[PDB]
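Top line first, the protein sequences correspond to chains A and B.
Letter by letter, the first sequence follows residues 681 to 729 in full-length UniProt numbering.
Letter by letter, the second sequence follows residues 521 to 623 in full-length UniProt numbering.
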Amino acid sequence: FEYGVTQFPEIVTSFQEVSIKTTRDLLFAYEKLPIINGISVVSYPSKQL
Amino acid sequence: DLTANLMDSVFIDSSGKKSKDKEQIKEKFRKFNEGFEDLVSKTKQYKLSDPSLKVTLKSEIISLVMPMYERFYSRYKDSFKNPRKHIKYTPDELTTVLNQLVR
């Protein structure tokens with residue numbers, strides 16, 4: 681069963697966007713110092729998630 | 521103490537397999553981050569006066585910490601597609617933290 685590569689391109693351009701939004705949701709882990717003035721929660725917005 | 525029980529936490533689970541005990545991943549690496557930011561936190565209480573003491577304590581504690589995290593970070597950076605969600609620092613960025621721990 682093959683092939684029609686417009687399958688494969690849109691198989692990518694969401695997986696990468698999953699990686700970037702992974703790097704905005706999970707963005708607030710690596711900062712991460714004292715006070716802690718931890719100004720953003722590493723697993724924060726369950727509504728917006 | 522941080523380096524001590526860090527490499528001891530390498531030692532006690534040096535027996536078996538790769539960390540399917542991911543409580544050991546987040547044990548060593550999370551609690552390493554815990555005690556690390558405790559130490560950076562209580563480093564902030566004191567502000568040095570000799571520049572050569574800044575160089576001294578700086579390069580001393582750099583030479584204390586680093587190779588553990590080099591062989592150990594680099595040993596155990598092969599456990600997830602996002603180790604990010606378990607392991608936080610590079611040696612690059614941790615080095616940078618130490619280099620602006622000493623303003």
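Yeah, the Cβ is synthetic: ideal placement off N, Cα and C, and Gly gets one too.
{"Check": "Where A/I691 sits in the DSSP three-state scheme", "Outcome": "helix"}
{"Check": "Euclidean distance between Cα positions of B/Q620 and B/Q565", "Outcome": "15 Å"}
{"Check": "Whole-number beta carbon distance between A/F708 and residue 730 of chain A, since they are thought to touch under 8 Å", "Outcome": "Look at the range of chain A in this structure, 681 to 729, and you will see that residue 730 of chain A is not part of it."}
{"Check": "A/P689 versus B/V575: straight-line alpha-carbon distance, rounded", "Outcome": "53 Å"}
{"Check": "Interfacial residues, the segment 693-706 of chain A to chain B, with Cβ spacing under 8 Å", "Outcome": "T702 and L706"}
{"Check": "Proximity winner among B/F531, B/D521 and B/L577, relative to B/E554 (alpha-carbon distances)", "Outcome": "B/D521"}
{"Check": "Reference B/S561, options A/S720, A/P725 and A/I715, closest by Cα", "Outcome": "A/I715"}
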